[PDB]
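[1] model the structure of this input:
(8 chains)
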Amino acid sequence: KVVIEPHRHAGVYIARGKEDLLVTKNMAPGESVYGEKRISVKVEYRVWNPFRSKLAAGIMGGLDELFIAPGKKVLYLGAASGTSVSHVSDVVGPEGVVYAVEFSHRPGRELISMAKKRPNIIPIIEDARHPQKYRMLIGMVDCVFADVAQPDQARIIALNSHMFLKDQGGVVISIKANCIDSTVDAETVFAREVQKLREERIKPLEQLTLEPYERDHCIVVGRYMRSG
Amino acid sequence: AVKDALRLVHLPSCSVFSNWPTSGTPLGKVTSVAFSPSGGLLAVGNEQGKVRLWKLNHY
Amino acid sequence: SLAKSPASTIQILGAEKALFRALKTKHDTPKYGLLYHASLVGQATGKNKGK
Amino acid sequence: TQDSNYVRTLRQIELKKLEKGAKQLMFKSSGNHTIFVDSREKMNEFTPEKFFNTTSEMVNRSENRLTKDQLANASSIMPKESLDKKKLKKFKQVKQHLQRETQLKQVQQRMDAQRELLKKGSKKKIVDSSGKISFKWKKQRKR
Amino acid sequence: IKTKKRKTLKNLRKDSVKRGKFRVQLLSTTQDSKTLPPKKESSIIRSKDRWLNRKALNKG
Amino acid sequence: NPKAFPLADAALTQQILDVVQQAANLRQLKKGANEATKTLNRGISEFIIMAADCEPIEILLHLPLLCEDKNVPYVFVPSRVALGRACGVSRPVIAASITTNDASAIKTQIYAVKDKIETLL
Amino acid sequence: XXXXXXXXXXXXXXXXXXXXXXXXXXXXXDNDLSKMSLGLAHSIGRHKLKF
RNA sequence: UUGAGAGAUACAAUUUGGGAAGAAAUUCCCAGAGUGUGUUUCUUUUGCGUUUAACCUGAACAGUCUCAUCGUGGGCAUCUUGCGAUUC
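    Numbering: from 1, shown residues only, chains lettered A, B, ... in the order given. Pasting the structure now:
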């Protein structure tokens, strides 16, 4: 009845019906992590809402090399209430484990409740500003994710870039200009933050500006070179 | 702003006096109030032009 | 989820069937709700069960 | 007051169906997607067909840009016309709710301004130079 | 003729080539970025320059 | 309170409480904590003014929880007796909410204050 | 605190060594190590912000 | 009818890459660019003139008493024919 299509990224799928929709397999049925709908065709499949997750808009925006894979491990900064890591957990499957980092407590409690229902999602309630506060728990993750709203966003990833990246491993950086300037064009911001990442051994490959989902945001894709 | 809007406050008890001013106490839009230094008199202006004068009978 | 609701929707948290009948047709909203079985509304009498 | 609940309720019927309606619907994206390339002659020899290793149609559409190696709707009835019409209507339904709700809010906004004329206070009848009538209550602390 | 070749030098100096729905820029060289502080932005320094060279004070 | 977040200074508070006093003249202002919670769910709220010295402070902390979901700006003016007197009401008011009316004469002066509140965020 | 027990300590270049040290945890091995790592994370947060 | 810069689009000449079809030339399809003209956009430099402008506010609606709301009666259909809105 419902046509289902493999997406070019593994784990991601796109369901086709009367209305088009972006979707993902689940690890555990019988649960809505944030009250999203799901389709069951038998194999369960779960929608991504692109206006709530920037990575969801990053895929559907059209993105060449998302480094998140099934077999790979992926670290996550900015896991506020776990709305996106339960999509990241459901795209890595059981084999990949996801490291979710958050500093805020009241949305962090939802992430504590979410680790009880997911084997991949483990929480990090420590500060992402100082990575050695949680150095013992994580080692050599393949690619990381940024969703933090701090202005030193090239700084906080760089301290997670040296210590936790697999070498020649990818990086995903989500930047808003509303964090940083709110006075100049968002294009002018993106030249400033790309040059910041070349100072920290990240060679950026592509950037994609989410135009219809969030205002003036971005995603930045790079490869962390020649450091572990 | 509003007509007939002078209110007296006793001290130190911070109680507004209740008997005066009544409803029928002609004031007008009070724009200028003044006390006597010595005799205890009270002079209240208006907008109509009529400075209507009282006497605090204690003093 | 309950504390994010205002005060006036904690009155009528139970009586939702008689509420949205009374708004969709122009009528009078129920005034107690599930709060009516508190020990304190019963201590009042008359219209004071509303207040 | 009963009028400004029935309009107020039917607005929230229409606004909560705006969220349930947009949640199923899919918006194709149009954003800037710049590719950073190390050398200017690799830059001059760029082609979207080569870099994304796609072909004709898989360049321009962003929902599924699949590999030519990955390549190695008629199951739904009438895929060219009927399905694409019923693809369009789910927009046009929630297009109408957004046209219904914003029309229905203005019925409340002109009713709530009428309901706030009855209460207390001293009101000033002003007219703008455009001709629209609004009021300005006097600066007076209601007790 | 003399100015027509300068405009084509801008087609050598440019780096952001648009490809329809896309665009492609290039990373600059590292040593040109490291050994030199980045260039003064106009929208700040004109605000300095216009303000001191203002008609409201009778300079010159 | 240390639970207070973004708390306006002495300067911006005079600008915020002036707009409150001009929105209560246009009757564009819903008053109180249990009514500012309403205008968030209807979405007709421009922004949310709240008090800081309310004892206990926890009775209005759900509004920073609610505004983060619905992306509506919010600050803390320091004292609830102040926001009460600037709102036109004899009782102290601990949370005030500016509604949305685009026909308003004060629309320009709201968006000047609204930009300063999103500046603190 | 490592400088208090009669031995030297140094840093600022061991991050590449700590990379190989974190690569060595796979060498001593891997999945069951993460399950010990899981309940470590599951307890160290739940102690902090909860209960 | 200043100087320059960038963008969009219309047009013509012309090219890039990818796919099939033809022995090659050639064919069609898809994606993309620069050049010539017309148009249009915003930002900037300079010349001359001008030094205030706009908005708000304080006791700023009211004795030809003002406004609100519910009704009644009449007009305007040779049409303010009247939106839970304000036709007089």
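[2] enumerate every residue touching residue A:71.
    Counting by C-beta atoms under 8 Å, 6 or more residues apart in numbering or on different chains, residue A:71 touches A:92, A:95-96. C-beta here means a position set from N, CA and C on the backbone, and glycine is covered the same way.
[3] any idea which residue of chain E lies closest to RNA strand H?
    residue E:20 (2.4 Å; C-beta to the nearest atom of the strand).
[4] count the neighbours of that residue for me.
    Residue E:20 is flanked by 8 other residues according to other C-beta atoms under 10 Å in any protein chain shown.
[5] quick one on the thing from earlier: are any of the contacts of residue A:71 buried, and which?
    With neighbours counted by 16 or more other C-beta atoms under 10 Å in any protein chain shown, the contacts of residue A:71 contain buried members at A:92, A:96.
[6] between the contacts of residue A:71, which is closest to chain B?
    Distance to chain B across the contacts of residue A:71 (C-beta to the nearest C-beta) is lowest for residue A:92, with 69.6 Å.
[7] ok, the closest one touching residue A:11?
    Yes - with contacts counted by C-beta atoms under 8 Å, residue A:92 reaches residue A:11, the gap being 7.1 Å.
[8] joint contacts of the two?
    Shared between the contact lists of residue A:92 and residue A:11 (criterion: C-beta under 8 Å, 6+ apart) are residues A:68-70.
[9] look up the closest residue to residue E:19, ignoring the ones flanking it.
    Excluding its sequence neighbours, the residue lying closest to residue E:19 (C-beta to C-beta, 6 or more residues apart in numbering or on different chains) is residue D:48, at 5.8 Å.
[10] straight-line length of stretch A:135-148, end to end?
    End-to-end distance for stretch A:135-148: 19 Å, by C-alpha to C-alpha, to the nearest Å.
[11] would you mark the buried spots in that stretch?
    For stretch A:135-148, the neighbour count (16+ other C-beta under 10 Å) marks A:137-148 as buried.
[12] near chain G, which residues of chain A?
    A:97, A:105, A:108-109, A:112, A:115, A:119, A:122-125, A:135-137, A:139-140, A:162-163, A:167, A:227-228 (C-beta under 8 Å from any C-beta of the partner chain).
[13] from the residues you listed, which land in strands?
    Applying DSSP state E to the residues of chain A next to chain G, the entries found in strands are A:122-124.
[14] just the buried residues of those.
    Neighbour counting by 16+ other C-beta under 10 Å classes A:122-124 among those as buried.
[15] can you map out the strands along chain A?
    A:3-6, A:12-16, A:21-24, A:38-40, A:44-47, A:74-76, A:98-101, A:121-124, A:143-145, A:169-176, A:202-208, A:217-224.
[16] who are the packing partners of the second one?
    For strand A:12-16, the packing partners by 3 or more C-beta pairs under 8 Å, 6 or more residues apart in numbering or on different chains; DSSP states H and E come out as strand A:3-6, strand A:21-24.
[17] what pairs with the nearest residue to residue A:21 once chain neighbours are set aside across the strands?
    Leaving out its chain neighbours, the residue that sits closest to residue A:21 by C-beta to C-beta, 6+ apart is residue A:15, at 4.8 Å. Using DSSP bridges, the bridge partners assigned to residue A:15 are residue A:4, residue A:21.
[18] can you report phi and psi for the closest residue to RNA strand H within chain D?
    Here chain D gets closest to RNA strand H at one residue, residue D:56, 3.3 Å apart by C-beta to the nearest atom of the strand. Dihedral pair for residue D:56: phi -50, psi -60, per degrees, to the nearest 10.
[19] what's around it, how many residues?
    Per other C-beta under 10 Å, the neighbour tally for residue D:56 reads 7.
[20] what's the answer for residue A:57, then?
    27.
[21] could you check how far it is from residue E:20?
    Here residue A:57 is placed at a distance of 21 Å from residue E:20 (C-beta to C-beta, to the nearest Å).
[22] do residue A:76 as well
    34 Å.
[23] related to what we said a few turns ago, out of the shared contacts of residue A:92 and residue A:11, who's the most crowded?
    Among these, the one with the most neighbours (other C-beta under 10 Å) is residue A:68, at 25 neighbours.
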